[PDB]
Amino acid sequence: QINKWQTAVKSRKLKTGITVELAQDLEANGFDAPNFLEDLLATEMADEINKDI
Amino acid sequence: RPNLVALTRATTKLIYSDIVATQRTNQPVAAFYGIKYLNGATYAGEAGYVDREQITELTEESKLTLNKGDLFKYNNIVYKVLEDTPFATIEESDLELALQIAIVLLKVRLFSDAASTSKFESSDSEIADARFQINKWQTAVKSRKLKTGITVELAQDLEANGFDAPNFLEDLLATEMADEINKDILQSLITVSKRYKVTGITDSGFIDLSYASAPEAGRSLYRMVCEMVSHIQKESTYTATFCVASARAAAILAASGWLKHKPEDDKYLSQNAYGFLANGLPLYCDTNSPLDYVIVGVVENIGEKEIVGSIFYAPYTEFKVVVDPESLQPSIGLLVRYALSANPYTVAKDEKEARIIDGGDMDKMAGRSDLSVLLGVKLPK
Amino acid sequence: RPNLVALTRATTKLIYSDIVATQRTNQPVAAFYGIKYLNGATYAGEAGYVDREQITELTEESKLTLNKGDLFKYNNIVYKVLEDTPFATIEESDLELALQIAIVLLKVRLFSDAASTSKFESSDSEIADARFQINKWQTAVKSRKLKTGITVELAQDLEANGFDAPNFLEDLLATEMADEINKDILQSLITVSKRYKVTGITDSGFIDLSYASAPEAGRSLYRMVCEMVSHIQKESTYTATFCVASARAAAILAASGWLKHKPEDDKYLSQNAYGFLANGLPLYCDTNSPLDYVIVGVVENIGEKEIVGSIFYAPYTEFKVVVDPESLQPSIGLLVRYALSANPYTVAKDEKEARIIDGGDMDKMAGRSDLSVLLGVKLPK
Amino acid sequence: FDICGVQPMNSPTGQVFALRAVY
């Protein structure tokens, strides 16, 4: 038989891209930092997601 | 300087550039970056943390007072209770195992805090903190120099061998430089690598396969090495990426059946690999250190940046070659400089300690890698 | 002579051209070159040597009088002391092992002399000297000749087989010549290779797998052969690049799962190899020498030049085939000339000894390769 | 603002040069 069901879309959220003096550090690392940090944040998110799975 | 560019690019091909993180500088010091953190499961959120504290530490005295629908935590993992009095039927006295069992038997359930949109927006809740923390440090670029290009009577020999000699000599001198750089890296890796330790060091002493112990096949070392990978996996969000060992420690020892001697090399291995293990990560070999050790560890990147490594390397160019023709001796000098370091924050609680240390100071970084471990090995010598 | 160029190129394909280093000549002698160093660790500079001399020889009576921050050296390796009185807690009486223990326990640290340029220029210090020297020598070109392409009644037979007989006979003669050349090379490799020896030869006598000893599987030979590779790695800056053995010694004996039968004839293997070991290296099969031995060693290059090898080959071209119509038998003669030699420097301290010896003198070069080792094997005959 | 060398950095650490006497 083919079944169907529905469930809520659930989520997780991070405040982890810390900036301030960190912005200054990221500016020092400004050659990569804009994207680098988003990619990094995405990576830790992916990690928890994989674990949730 | 195009000649430094050509010599460097054509010579660093000879060093283990992949068993360290590669970064670069253009400064007298290298600005190195990297990631470390304290734990590895579920969320890093404060609200969730408080919830853990607000449910139970799961002391054995309380594990049976829990009932269906309850949450509990242990070692920062939240688990939910299935049916009443979880663990009532588990004879195990050590909660770590009783929990392991309870999860298997579905007495408890690993708890997911994935949640509805409502949970978050309704409570106008907090949000998860970083699992990771990112560091930066500045390590001086050190030089190492050679006065190895001996020419004089040798110049005449080089003229006799003039077919190849001009570059042949520089390439050779550069080769010796690569050797020293590689050795320098390896000493740092050896030093920083955490001692792999289990029950008082790898089953209550450094693994010993000597004649006074277990001159077996080498199988027991392969088992220990594979466990070193486990250690990396348990401690960090990475699997081991590479392994280096002495010739006696593994290049030959594992020849017994736990090592493939580079049957392929246009895929997955570096050109300087010996080969790879049966539970392989490219296997490199130092050949110098008296330790006859094994190192297992990990380098990793975010896009182009190798933010992860136990040791980081950052060369500074403006492989420089010079000539000093005193008398009849137009000899060749070779100068190379780079910063080499470990993430200094692995030995610091905060910036007031990190700022007074140096990732390049291998006296302080000794045994504090966490992205690598080293195994001492007693061999059947 | 384009026809000879073609015969040479089309015939030397049949000799173990890669288990020797290949160079070439155009002179009556071949000018051969090679690389050597006497000790491997750290810098080879005088400044370094002096600093080492100025700290300690690590006498076992002094090993524990050292404290945090001190340097010491042992067997030319410089180490720094971590915490006080290193070795105070090490019961080991054999200093070599006590040091290995101290390194793994982080009582001592492998030390690098790398430093800021300021250190070097301020000091106006010395610089690392060469580790390896390049030596040149000249060895006479020698030859072998066949007068075997028999014709007469045979010419009639060749005419009967005129379809392709002209070249056939030359190709066959060339093949037999290649075989003899290869034999000459193998005898030289056998001779020059150092006798592998551990504790009085391969664990106090040559490996013996005879029926009165260990007619096992051949596993024990593989192990010793593999150990020979570790020796190559230990005593040089190269990994083994080839292996050759008789059939009984290993091409067949190790074919119990420790040897691969050329499953691919173009992957990490020459066309003349019998196969490659389970642990790599193309394996060549001698088949003629009564020795029933196994050789492990290296051939290596800097750019295009095969500068490293135990044996060097340098053919002299300008495979000459001629017909001599003597009597009624205009047979085909074939001559091949080449220099074959070992690096004479391995039996000399300096040029005043090198100038009275010959790399082609196998009565002196015997056992002095250092880039190869031979294992005598007693077989289950 | 103008009684010092400036030698503006393009990276922290980062450095300045000085014509220090040999002394």
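- Per the PDB record, this model was obtained through cryo-EM at a reported resolution of 5.1 Å.

1. As for the overall build of chain A
- The helix and strand inventory of chain A stands at two helices and zero strands.
- A compact globule built from 53 residues would reach a C-alpha radius of gyration of about 10 Å, whereas chain A, at 17 Å, exceeds it by more than 25%.
- The C-alpha extent of chain A, read off along each of the three principal axes, is 60 × 15 × 15 Å.
- A buried classification covers 25% of the 53 residues belonging to chain A.
- In the structure as shown, chain A presents an accessible area of about 4,100 Å², 53% of it carried by carbon and sulfur atoms.

2. Observations regarding the nonpolar core
- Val 294 and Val 296 of chain B together with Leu 221 and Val 294 of chain C are the most contacted members of the largest nonpolar core, which totals 93 residues.
- Counting residues per element, this core draws most heavily on helix 7 (residues 219–235) of chain C, at eight residues.
- Setting aside residues no more than four positions away along its own chain, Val 294 of chain B makes contact with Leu 221, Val 225, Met 228, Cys 243, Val 244, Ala 245, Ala 249, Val 373, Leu 374, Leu 375 and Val 377 of chain B.
- Among the nonpolar cores identified, the runner-up in size contains 59 residues, and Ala 178, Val 192 and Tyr 338 of chain B together with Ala 98 of chain C belong to it.

3. Some thoughts on the packing of aromatic side chains
- Counting across every chain of the model gives 19 aromatic pairs over all chains.
- Consider the rings of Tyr 16 of chain C and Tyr 284 of chain C, whose centres lie 4.5 Å apart with planes at 45°: the pair is tilted. Take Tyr 16 of chain C and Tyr 284 of chain C: they sit in the same class, and that class is buried.
- Among the aromatic residues, ring-to-ring pairing joins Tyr 16, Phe 242 and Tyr 284 of chain B into one connected group.
- A cation over a ring is seen here: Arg 337 of chain B above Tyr 316 of chain B, with NZ or CZ 3.6 Å from the ring centre.

4. Digging into the domain arrangement of chain B
- What the domain assignment lists for chain B is domain 1 (1–39 + 126–193 + 299–364), domain 2 (53–113) and domain 3 (194–298 + 366–381).
- The gap between the C-alpha centroids of domain 1 of chain B and domain 2 of chain B is 51 Å.

5. Some words on the sheet that holds strand 12 (residues 275–277) of chain C
Residue and element names in this part refer to chain C.
- Overall, mixed pairing links the seven strands, which are arranged 8-20-14-10-13-12-11 in an open sheet. The sheet terminates laterally at strand 8 (194–195) and strand 11 (259–260), the two strands that pair on one side only.
- Sheet analysis places strand 8 next to strand 20 (residues 372–375), joined by two bridges and oriented parallel. When the bridges of strand 20 are listed, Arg 195 appears paired with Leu 374.
- Along the sheet face, helix 7 touches strand 8, strand 10 (242–245), strand 12, strand 13 (280–285), strand 14 (294–297) and strand 20 and points at about 160° away from the line of strand 20.

6. Focus: the sheet that holds strand 20 (residues 372–375) of chain B
Residue and element names in this part refer to chain B.
- Pairing is mixed across the open sheet formed by seven strands, whose spatial order is 8-20-14-10-13-12-11. Here the strands that pair on one side only, and so sit at the sheet edges, are strand 8 (194–195) and strand 11 (259–260).
- Relative to strand 12 (residues 275–277), strand 11 is paired through two bridges, and the arrangement is antiparallel. Directly across from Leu 259, in strand 12, lies its bridge partner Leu 277.

7. Re the arrangement of the chains
- Considering every one of the four pairs of chains in contact, the largest contact total is recorded for chains B and C.
- Here chain A and chain C are not in contact; the least distance found between their C-alpha atoms is 24 Å.
- Chain C makes no contact with chain D; the smallest distance between any of their C-alpha atoms is 11 Å.

8. Side note on the pairing of strand 3 (residues 71–74) of chain C
Residue and element names in this part refer to chain C.
- As judged from the four bridges shared by strand 3 and strand 4 (residues 77–81), these two strands associate in the antiparallel manner. The residue bridging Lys 73 from the neighbouring strand is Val 78, located in strand 4.
- Linking strand 3 to strand 4, which pair antiparallel, is a turn of two residues; within it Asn 75 sits at a positive phi near 55°.

9. With respect to the relation of the copies chain C and chain B
- Superposition of chain C onto chain B requires a rotation of 72° combined with a translation of 0.0 Å along the rotation axis, giving an RMSD of 0.5 Å. A rotation of that kind, with that shift, is consistent with a five-fold axis. Relative to the rotation axis, the closest C-alpha in chain C is found at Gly 257 of chain C, a distance of 7.9 Å.

10. With respect to unusual backbone geometry
- In this chain, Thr 13 of chain D is followed by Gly 14 of chain D through a cis amide linkage whose omega measures 0°.
- Residue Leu 106 of chain B is not a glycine yet carries a positive backbone phi of 60°.
- Looking at where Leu 106 of chain B falls in the secondary structure, it is placed in the loop between helix 4 (95–104) and strand 5 (108–110).
- The class for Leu 106 of chain B is exposed, based on a relative accessible area of 59%.
- One non-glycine residue, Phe 87 of chain C, lies in the positive phi region at around 70°.
- Along the chain, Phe 87 of chain C turns up in the loop between strand 4 and helix 3 (95–104).
- On the basis of relative accessibility, which here comes to 1%, the residue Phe 87 of chain C falls in the buried class.

11. As for the interface of chain B and chain A
- Residue-level contacts link 24 residues of chain B with 22 residues of chain A.
- Between chain B and chain A, roughly 2,100 Å² of surface is buried when both sides are summed, and carbon and sulfur atoms account for 65% of that area.
- On the chain B side of the interface with chain A, the three residues burying the most area are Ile 127, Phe 132 and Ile 302 of chain B, jointly 25% of the side's total.
- Summed over the shared surface of chain B and chain A, the result is one salt bridge.
- The partner of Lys 305 of chain B in a salt bridge is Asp 32 of chain A, with the nearest N and O atoms 2.6 Å apart.
- For the pair chain B and chain A, the interface holds nine residue pairs in polar contact.
- Residue assignment for the side of chain B that touches chain A shows that the elements contributing at least two residues are strand 2 (29–36), strand 6 (133–140) and strand 16 (305–308) of chain B.
- When the residues that make up the side of chain B that touches chain A are grouped by side-chain class, the tally is 14 nonpolar, five polar and five charged.

12. With respect to the interface of chain C and chain B
- At the junction of the two partners, chain C supplies 52 residues and chain B supplies 54 residues.
- A combined buried area of about 4,800 Å² lies between chain C and chain B, and 59% of that area is made up of carbon and sulfur atoms.
- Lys 305 of chain C serves as the salt-bridge partner of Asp 164 of chain B, at 2.5 Å between the closest nitrogen and oxygen.
- Linking chain C with chain B are 16 residue pairs in polar contact, by the criterion used here.
- A per-element tally of the side of chain C that touches chain B places helix 7 of chain C first, with eight residues.
- Taken together, the residues that form the side of chain C that touches chain B break down as 30 nonpolar, 12 polar and 10 charged.

13. Points about the side chain of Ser 193 of chain C
Residues and elements named next belong to chain C.
- Position of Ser 193 relative to the elements: it lies in the loop between helix 6 (165–192) and strand 8.
- Take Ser 193: its relative accessible area is 0%, and that puts it in the buried class.
- Reaching out from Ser 193, the side chain makes a polar contact with the side chain of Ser 372 at a distance of 2.7 Å.
- Every residue in contact with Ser 193, bar those within four places of it in the chain, is listed here: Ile 295, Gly 367, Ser 369, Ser 372, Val 373 and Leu 374.

14. Some remarks on helix 7 of chain C
All names here are of chain C.
- A rise of 1.5 Å per residue sets the reference length of helix 7, with its 17 residues, at 24 Å; its end C-alpha atoms lie 25 Å apart and thus fit the reference within 8%.
- Counting buried positions along helix 7 yields 12 of 17 residues, so the element is predominantly enclosed.
- Residues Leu 221, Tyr 222, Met 224, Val 225, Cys 226, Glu 227, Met 228, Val 229, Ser 230, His 231, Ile 232 and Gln 233 constitute the buried set of helix 7.

Rules used throughout
- Bear in mind the residue numbers are our own, running from 1 along each chain as written, so they may not match the entry, and residues with no coordinates are left out.
- Chain A is the first chain written and ligand 1 is the first ligand written, with later ones labelled in order.
- In this entry, the chains presented are a subset of a larger assembly, and the associated values cover only that subset.
- Only hydrogens and water are set aside when side-chain values are computed; all heavy atoms of the structure are taken into account.
- Where helices and strands are cited, they refer to DSSP runs of H or I of at least four residues and of E of at least two residues respectively, numbered from the N terminus.
- In this treatment the radius of gyration is a C-alpha quantity, and the globule benchmark scales as 2.2 Å times the residue count to the 0.38 power.
- Residue exposure (1.4 Å probe, protein chains only): buried if accessible area is under 20% of the type maximum, exposed if over 50%, otherwise partly exposed.
- The Shrake-Rupley method, run with a 1.4 Å probe, gives the accessible areas here. Residue values count only the displayed protein chains as cover.
- Joining through side-chain atoms within 4.5 Å is the link that ties buried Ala, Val, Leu, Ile, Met, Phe, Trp, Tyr and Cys residues into a set, and such a set is a nonpolar core.
- We call two residues in contact when some of their heavy atoms are within 4.5 Å.
- Two aromatic rings from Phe, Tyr or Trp, using only the six-membered ring of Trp, form a pair when their centres are within 6.5 Å; if the ring planes differ by under 30 degrees the pair is stacked, by over 60 it is edge-to-face, and anything between is tilted.
- The rule is short: NZ of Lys or CZ of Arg within 6 Å of the ring centre and within 35 degrees of the ring normal puts a charge over the ring.
- Where each domain begins and ends is defined by an automated method or by a domain database.
- Strand pairing is assigned whenever DSSP identifies at least 2 bridges connecting the two strands.
- Helix axes are fitted to C-alpha atoms over the stretch in contact, other axes to C-alpha atoms as well, and angles between N-to-C directions run from 0 to 180 degrees.
- The copies are overlaid through least-squares superposition of their C-alpha atoms.
- Two parts placed together each lose some accessible area; with a 1.4 Å probe, that loss summed over both constitutes the buried area.
- Should a side-chain nitrogen of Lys or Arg be within 4 Å of a carboxyl oxygen of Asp or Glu, the pair is scored as a salt bridge.
- In protein, a polar contact requires one atom able to donate a hydrogen and another able to accept it; more generally it is a pair of N or O atoms within 3.5 Å, and residues adjacent in sequence count only if both atoms are side-chain atoms.
- When residues are sorted by character, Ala, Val, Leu, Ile, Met, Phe, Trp, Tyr, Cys and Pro go into the nonpolar class, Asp, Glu, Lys and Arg into the charged class, and all the rest, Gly among them, into the polar class.
- One fewer than the residue count of a helix, multiplied by 1.5 Å, yields its expected span.

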